[PDB]
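S.K.:
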Ligand SMILES: [Cu+2]
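Numbering (the working numbering), first residue to last: 2 to 99.
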């Protein structure tokens, strides 16, 4: 089963929910653009390789509530991601693979 997260809380708050999700080795995650546009979802090559992290790093630029993105986690790690330009707050989230 893939996991999914929505870019900002229903009510209209920055914080991602669920902030962490679990996913399998080679399963997907989908991010759905809710609200508080523009979003990016930039992934840090923190304890994971550059290429992998880069492919997983959505440099994509979601404003329209509709354009979701997907990423595959081939390697069983933890990935951490953040939203650079998105005004200060601390858009923390991280995915955990099985
Ligand atoms: Cu954001």
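Yeah, the Cβ is synthetic: ideal placement off N, Cα and C, and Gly gets one too.
#1: Tell me the rounded alpha-carbon separation between residue 67 and residue 55.
#2: Rounding to the nearest angstrom, what Cα-Cα distance links residue 53 and residue 81 in this structure?
#3: Between which two residues does the alpha helix (DSSP H) holding residue 55 run?
#4: Rounding to the nearest angstrom, what Cα-Cα distance links residue 84 and residue 75 in this structure?
#5: Taking 6 Å as the cut-off, is the C-beta of residue 87 nearer than that to any heavy atom in ligand 1?
#6: Could you pull the start and end residues of the beta strand (DSSP E) that residue 1 belongs to?
#7: So, residue 98 versus residue 24, is the Cβ gap smaller than 7 Å?
M.R.: In terms of the structure at hand:
#1: For the purposes of this step, residue 67 is taken as residue 66 along the chain shown, with counting starting at 1. For the purposes of this step, residue 55 is taken as residue 54 along the chain shown, with counting starting at 1. Approximately 23 Å, taken between the alpha carbons.
#2: By 1-based counting over the chain shown, the position of residue 53 is 52. By 1-based counting over the chain shown, the position of residue 81 is 80. Computed Cα separation, rounded: 13 Å.
#3: Reading the chain shown from its first residue, position 54 is the one you call residue 55. Start and end: 51 to 57.
#4: Along the chain shown, one-based indexing puts residue 84 at 83. Along the chain shown, one-based indexing puts residue 75 at 74. Those two C-alpha atoms are separated by around 23 Å.
#5: Your numbering for residue 87 matches position 86 in the chain shown. Checking the Cβ of residue 87 against ligand 1 gives yes.
#6: Not covered by the structure: residue 1. The range shown for the chain is 2 to 99.
#7: Within the chain shown, numbered from 1, the residue matching residue 98 stands at position 97. Within the chain shown, numbered from 1, the residue matching residue 24 stands at position 23. A contact, by the Cβ cut-off of 7 Å.
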